[PDB]
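To begin, one chain is listed below as structure tokens, in the form deposited in one PDB entry.
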């Protein structure tokens, strides 16, 4: 990586060569774009899946849904000019990028993404069947060429991932993940910006300090592409398995949501699904408590409000008439 960067304290310009790990979620200008391989190959793969009995596909990344939406008309043209009665419908991403149990091999209605339905579940939908072939060119926005995978795997594509550590600051980056960490008497996670919630597994070749990791202590659960590292850990908290993951984009941070107070009281209820501060009628709950936390509290900053972690419980409301996370069990 030829080039160099200035420090965060104004002017400490170190210049040389090495490996650069750069934030991608917090950008105004798009920096990466997905490009398919050929309209002819994708149409043949879709027809082969239709013969096999595949209803549709489930996008793995929010940058892949755009790529699938951008070629729907061309796929429809190719399918129509073949004597085949088939229609490809491009949906939109809403909630968790759920995983299917099917894949697409290299060469009615075919529904792509879309809201979860019962006519054809994710049981027979194709998921995680693209691999990065190489990187293209472009002054500011570089494009990425995709290819069909050889087989099937639950591990995310490792050609789009990063991980770095320097002095007392680590990071586990991705195209839609940015998980930070720091050291203050302990190595623990401090913030995590997510523009999506995927499901494939984080590979262990791109993780820092991935030994002795206990699966029940990972703040971002392994089922939601959380790194299998000890930097993915916060003291006093366990895995947030029933958090507000249905929101889609999240902003994990440590602090207090505006207008509320959290106190450590042993006379508190056990862990349960994450609750929103504002009631469904707009009323705010301003008194919360938790058993054995570590201040400051853990909050998720979604689009519809500020949530709390799985261990913090209210003291003002009965929790019967409060909106909770939609993650089932």
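Residues that one form lacks are left out of the comparison. What we label the rigid core is the largest C-alpha set whose atoms superpose within 1.5 Å from one form to the other. Positions refer to the first chain, counted from 1.
Chemist: Given the other compared entries that model the residues flanking it, would you say residue 207 is unmodelled in at least one third?
Modeler: In all of the other entries, residue 207 has coordinates.
Chemist: Counting only other entries where the flanking residues are modelled, do a third or more lack residue 108?
Modeler: Comparison shows residue 108 dropped in at least a third of the other entries.
Chemist: Look at the stretch from residue 107 to residue 108 and count the residues of the deposited sequence that the entry does not model, then pick none, 1 to 3, 4 to 9, or 10 or more.
Modeler: A long stretch, 10 or more residues, is missing between them.
In what follows, reference is made to the form deposited in another entry, a form of this protein that is not presented.
Chemist: Rigid core fitted, is the C-alpha displacement of residue 13 between this form and the one not shown 2 Å or more?
Modeler: Moves: yes, 2 Å or greater.
Chemist: Please list, in sequence order, every run of 3 or more consecutive shared residues whose CA atoms are displaced by 2 Å or more between this form and the one not shown on a core superposition.
Modeler: Moving stretches, in sequence order: 9-13, 138-140.
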